[PDB]
Amino acid sequence: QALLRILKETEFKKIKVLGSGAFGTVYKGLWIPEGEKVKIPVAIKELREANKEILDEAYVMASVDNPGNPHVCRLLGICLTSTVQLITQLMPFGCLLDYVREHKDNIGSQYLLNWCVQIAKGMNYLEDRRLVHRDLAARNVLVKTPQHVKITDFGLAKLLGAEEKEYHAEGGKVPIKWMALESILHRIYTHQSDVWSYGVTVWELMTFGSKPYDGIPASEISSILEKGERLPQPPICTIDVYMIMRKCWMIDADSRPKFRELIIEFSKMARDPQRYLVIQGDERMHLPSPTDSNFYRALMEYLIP
Ligand SMILES: *CCC(=O)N1CCC[C@@H]1C#Cc1cnccc1-c1[nH]c2c(c1Nc1cccc(F)c1OC)C(=O)NCC2
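Taking the authors' numbering, I'd label the letters of the sequence shown as residues 701 to 749, 755 to 770, 770A to 770C, 771 to 1002, 1015 to 1019.
Laid out in structure tokens, this is it:
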């Protein structure tokens, strides 16, 4: 059952813009609940320009909130002022796309492989709740801590009915360079087209946030994929890691890995990370962890088809 907590605007203080983009505008703030004096750091989202879309996103998030999962973003509630806003716990390290681009020189193999495991765990949770995300990408993964990531942005996500295996889209804007070939050609989305997007997300992490098919127009992508061309092997990836990405991009959807299998394979690689990713100076790299004494110091695309 989907239940939204409507948080009174008078409960929020110190709201400041964090940034804007295709996702709309995100602000940070402090939520002081009624009765309790706790000051909870929150992120607040508004869409660009509209109420229909953000409420649909709230519904999807509330629908999959029970039992929930550590690698899936959960909605604290919504706020009704001049716009409808979504409220969630603030992820102080931001989105994983910007994080990999900014901390490239300190991201070791263990971190990249554990992020792959965690994103697959969050997606496996969503598949069990019959949810097709349709927008998995490094820009829609958030960093709670350098060691703990969460999937966010349910703006395009759809719940499949009990007797439904696929979602047939209309003409809304969609991320072509992260989509399976069948989604580009026939507007068909399934858990296996989310696996294709997962493969593209992994490629983004392994290249430290490179743009996929950079300088290639979205209208040429279907023909590139029908010719058998795929994103290149990242220079840190051994063949075993690249072969997982290539399996995610197979034409036959049922031949692609399942999220349950990706959890197992990436967990195996995370048990011996320097065998699977070759990074110069890997053993010397460090990122802040909540187990560190000084961790508190650290806390101070879409087109019409
Ligand atoms: C990639 C860059 C990026 O996401 N940001 C640059 C600065 C501003 C923005 C941020 C953020 C952030 C921080 N803390 C938590 C959540 C988010 C966030 N970023 C995005 C999404 C979210 N998620 C979010 C935000 C507020 C309220 C929510 F309910 C919620 O979850 C749905 C997002 O949904 N789309 C991508 C950017």
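Cβ atoms here follow ideal geometry from the backbone N, Cα and C, with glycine treated the same way.
I need the straight-line Cα distance from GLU963 to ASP974, nearest angstrom please.
Going from the Cα of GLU963 to the Cα of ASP974 covers about 18 angstroms.
Of the choices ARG831, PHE968, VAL726, whose alpha-carbon is the least far from that of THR785?
Here the closest residue by C-alpha is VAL726.
Can you list, in chain order, the stretches of the beta strand (DSSP E) that have 3 or more residues and sit fully within the region 819 to 876?
Counting only runs of 3 or more, we get 843 to 847, 850 to 853.
Within the continuous alpha helix (DSSP H) that includes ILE886, where are the two ends?
Run containing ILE886: 883 to 888, per the alpha helix (DSSP H) assignment.
Looking only at C-alpha atoms, which of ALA864, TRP905, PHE856 sits nearest to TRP880?
The option with the nearest alpha carbon to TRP880 is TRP905.
Give, in chain order, every unbroken run of the beta strand (DSSP E) that is at least 3 residues long and sits entirely within the region 927 to 963.
With a minimum length of 3 residues, no continuous beta strand (DSSP E) run stays inside the region 927 to 963.
Between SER885, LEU907, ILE732, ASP830, which has its C-alpha nearest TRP898's C-alpha?
When only C-alpha atoms are compared, the closest one is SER885.
Whose C-beta lies closer than 7 angstroms to the C-beta of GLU746 among residues of the same chain, with five residues either side of it excluded?
If we look at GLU746 and ignore the five residues flanking it on each side, its Cβ neighbours are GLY724, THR725, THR785, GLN787.
Is residue 1014 close to ligand 1? I mean its beta-carbon at under 6 angstroms from any heavy atom of the ligand.
Absent here is residue 1014, because the residues of the chain run from 1002 on to 1015 with nothing modelled in between.
Ends of the beta strand (DSSP E) at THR725?
Run containing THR725: 724 to 731, per the beta strand (DSSP E) assignment.
Which one of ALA871, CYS775, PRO741, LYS737 has the shortest CA to CA distance from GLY729?
Of the listed residues, the one whose Cα sits closest to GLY729 is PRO741.
Roughly how many angstroms lie between the CA atoms of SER895 and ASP837, to the nearest whole one?
One C-alpha to the other measures close to 10 angstroms.
Quick check: does the Cβ of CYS781 come within less than 6 angstroms of any heavy atom belonging to ligand 1?
Not under cutoff, so the answer is no.
Spatial neighbours of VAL738 within its chain, please: CB distance less than 8 angstroms, with the 5 preceding and 5 following residues excluded, ordered by chain position.
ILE732, listed in sequence order.
Measure the Cβ-Cβ separation of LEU862 and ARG832 and say whether it is below 7 angstroms.
Cβ distance < 7 angstroms, so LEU862 and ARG832 count as in contact.
Comparing the CB of residue 670 with every heavy atom of ligand 1, is any distance shorter than 6 angstroms?
Because the chain here runs from 701 to 1019, residue 670 falls outside it and cannot be looked at.
Go ahead and pull the three-state DSSP assignment for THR903.
Here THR903 sits in helix by DSSP.
Regarding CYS775 and ligand 1, is the C-beta to nearest heavy atom distance less than 6 angstroms?
Within the cutoff, so yes.
Looking only at its own chain, which residues have a Cβ that is under 6 angstroms from the Cβ of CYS939, when we skip the five neighbours before and after it?
Excluding sequence neighbours, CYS939 sits near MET908.
Is any heavy atom of ligand 1 found at a distance shorter than 6 angstroms from the C-beta of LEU833?
No - ligand 1 has no heavy atom lying nearer than 6 angstroms to the Cβ of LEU833.
With hydrogens ignored, establish whether the beta-carbon of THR725 is closer than 6 angstroms to any heavy atom of ligand 1.
Result no, Cβ not under 6 angstroms from ligand 1.
Would you kindly report the start and end of the unbroken beta strand (DSSP E) that includes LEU799?
Counting along the chain, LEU799 falls outside any beta strand (DSSP E), though it belongs to the alpha helix (DSSP H) covering 798 to 804.
Any heavy atom of ligand 1 closer than 6 angstroms to the Cβ of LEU838?
It does not: the Cβ of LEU838 is nowhere closer than 6 angstroms to a heavy atom of ligand 1.
What does the alpha-carbon distance come out to for the pair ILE706 and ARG748?
Cα to Cα, the separation comes out at about 21 angstroms.
Rounded to whole angstroms, how far is the Cβ of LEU933 from the Cβ of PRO914, which I believe are closer than 8 angstroms?
Going by Cβ atoms, the distance from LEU933 to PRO914 rounds to 6 angstroms, so yes, they are a contact pair.
Nearer than 6 angstroms: is that true of the beta carbon of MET793 relative to any heavy atom of ligand 1?
True, at least one ligand heavy atom lies under 6 angstroms from that Cβ.
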